[PDB]
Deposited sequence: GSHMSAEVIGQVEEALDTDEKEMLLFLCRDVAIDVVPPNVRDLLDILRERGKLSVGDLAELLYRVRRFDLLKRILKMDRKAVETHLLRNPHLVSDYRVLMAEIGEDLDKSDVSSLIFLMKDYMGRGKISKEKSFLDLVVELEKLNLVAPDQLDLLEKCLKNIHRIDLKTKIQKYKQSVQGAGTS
């Protein structure tokens, strides 16, 4: 019921590298913290890390075990909180992480090869950050990403993008 530094420490120690990396990506609009413990502490200091906010973050990185063990909440409670309050993480960020999860290293390599004209071991989220820095992708600017996903024959992910666009 109360936020403390104990909860932040538990959460930070339980997440692995990929979950931490994604959590940093999902919070880029509420920002740039170098690690997750600093990110959560800054969010707490600004009054944006109540139990519900942290539960939303754990729900987005799909650590339901941490939801149940640390915050004593279940799936339906987090979904209620989300359907009742404004979201800390936008649908755009959730969509970008989802696309990243459905891509393997060969897919990301092929995607990078096609997009280098318009702009290693880098993940999809790193590429999205780099493209945002070049103003080549944005919540209202997805045609280039959609075209590149189509050209590497990932029509399913293009469809996820089209569902997002029809959602706005």
{"property": "Deposited-sequence segments unaccounted for in the coordinates", "result": "1, 33 to 35, 124 to 129, 179 to 184"}
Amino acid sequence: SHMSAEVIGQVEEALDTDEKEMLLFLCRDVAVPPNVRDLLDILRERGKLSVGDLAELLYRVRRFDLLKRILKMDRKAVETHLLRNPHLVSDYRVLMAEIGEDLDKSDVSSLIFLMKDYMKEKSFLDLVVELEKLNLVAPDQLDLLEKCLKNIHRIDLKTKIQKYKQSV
From here on, numbers count along this sequence of modelled residues.
| query | finding |
| --- | --- |
| Residue range whose averaged C-alpha B-factor is higher in the record, 66 to 74 or 96 to 104 | 66 to 74 |
| Of 133 to 141 and 105 to 113, the stretch whose C-alpha atoms average the higher B-factor in the entry | 133 to 141 |
| Selection from 55, 61, 32, 43 [criterion: highest C-alpha temperature factor in the record] | 32 |
| Third of the chain's Cα B-factor distribution that residue 51 belongs to, per the entry | middle |
| Record-listed C-alpha B factor of residue 125: chain third | middle |
| Record-listed C-alpha B factor of residue 36: chain third | middle |
| Residue 161 - Cα temperature factor, lowest/middle/highest third of chain | lowest |
| Chain-wide C-alpha B factor ranking for residue 168, given as lowest, middle or highest third | highest |
